[PDB]
Structures are given as C-alpha cells and as structure tokens.
C-alpha cells in the first residue's frame, strides 16, 4: 500500500553517475525474459525459483533464476504454472546443483500465474502512459499487455523501451535527463514509483537496481495509471 512521491533531494541524478548509461540502457532496450507456461524446476536459495527458460531467440541461456522478496513469496509460486516477464542480467549468477555452464540468466520477480490471467480477447486496454518533461505533460503512449494482473515491472520495461527509442531516455554516455521516475497509480489510490536514474558513482550494479522488482508487485491493466516524470539536464 501507498507510497508518497519523490522528495527533491531524494532522486538519483545522471550528472552524478559516471559509468556509462549504456550499462543501465542494456537492461531496458529491447530487453527482458519471457515464458508462457512454466513451473519451477528448482531453487538455489529459499527466495528464488529456477526455471528451464531457453533463450527463445539467439540462445544466450537455458535456465533463469528469478528472486522474490522472500521464502514465502517463492513458496507461493513454486508448483505453479506461470507466465514470466522481467529484465535479466548476467553480471552475477547462482551456483546451482554442482553437476551440469553456457548461460545462467538472473532476474527478480516477474511471475504471474497463467490460470485466468489473460483476457477474453487480446491485449486489453493497452495501458496508457503520461509523460511529464519539466512538469509539463508532453507525450502519452500506450503499452500492451495480455494479462489482467500484470507485473509493474513488465509495464516499466515496456515504458522505458519506448522512451529510449523516441525520447532517448538513456543513451551510451549518459542521459538527456537529470532525474526521472515512473509513478504508478492504482485504481484504489495506492501510489508507488521507481527512480529511473542510476546511483552516484562510476559503476552501475545491474542486480542491485533490478532488485526493485523482487517484491513481485502486480497491478491491473484496465485500471492502472502511470506517469513518467522527467527533468532535462540543464545547459
């Protein structure tokens, strides 16, 4: 339930990070893991579930270990047939069975059950996103999802992908924007947001950032609102 909005001296600034926005960019530009009717094959630590997800493209991996906020959240989805969608990283990765390498891909949350989570028909109310560049609302685009209770992560990954392409949200040196956050407003008024900018330093740690999503936070496509609030780098 309910999160305030970003306090001024609280948001991450790109002029403070110094290690290629390209490493932050790699996670959202045409990037994610997708699985349709998978059940957990096994676990590494109490809180994650390992799936036999093969890189259904240019095979980079065949197993994907996604971490949840704890053992209880894992316990809930283990034995379940789930749809998955999340952004993966290769930087760090689990040391399973010690018997059977090529590609181990990691992620956080991104697990939605297949059972009755799809629409009677197609991509429903393809989720609209409001963009504010320096207060001002300038764009609004929609993102499609075929599930009723979709992860906030999935929408976040599709929102950013769009922005990166037409707004150049993230680029290889740094970013056109100093600050940025994606605000999610649930139909009940519940509100929450994610900082879109990397922490101050040279390196960006992919896994530490992506941990935002381990909570496995879901919403509802039909009713949810989203506003991305940016702030351009001055000059």
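Whichever C-alpha set is largest while still superposing within 1.5 Å between the two forms counts as the rigid core. Residue numbers count along the first chain shown, from 1.
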Report the stretch with the higher root mean square CA deviation, pooled over structures and residues in 7 other deposited structures of this protein, choosing between 205-213 and 51-59 after a rigid core fit.
51-59
Core-fitted comparison in 7 other deposited structures of this protein, 102-110 vs 132-140, farther C-alphas:
102-110
Count class of deposited residues lacking coordinates, residue 121 to residue 122:
none
May I ask you to compare 193-201 and 51-59 by their mean CA B factor in the entry and name the higher one?
51-59
Mean CA temperature factor from the deposited coordinates, higher in 37-45 or in 162-170?
37-45
Highest-ranked of 85, 94, 141, 108 once sorted by CA temperature factor in the record
94
C-alpha B-factor winner, where the candidates are 185, 69, 210, 182:
69
Residue 16: CA temperature factor from the record, placed by chain third, in the lowest
Residue 115: C-alpha B-factor third of its chain, per the entry, is the highest
Ranking the modelled residues of this chain by C-alpha B-factor as given in the entry, is residue 154 in the lowest, middle or highest third?
lowest
Using the B-factor values recorded in the entry, state whether the Cα atom of residue 220 falls in the lowest, middle or highest third among the modelled residues of its chain.
middle
Where the record places residue 98 (Cα B-factor, split into thirds across the chain):
highest
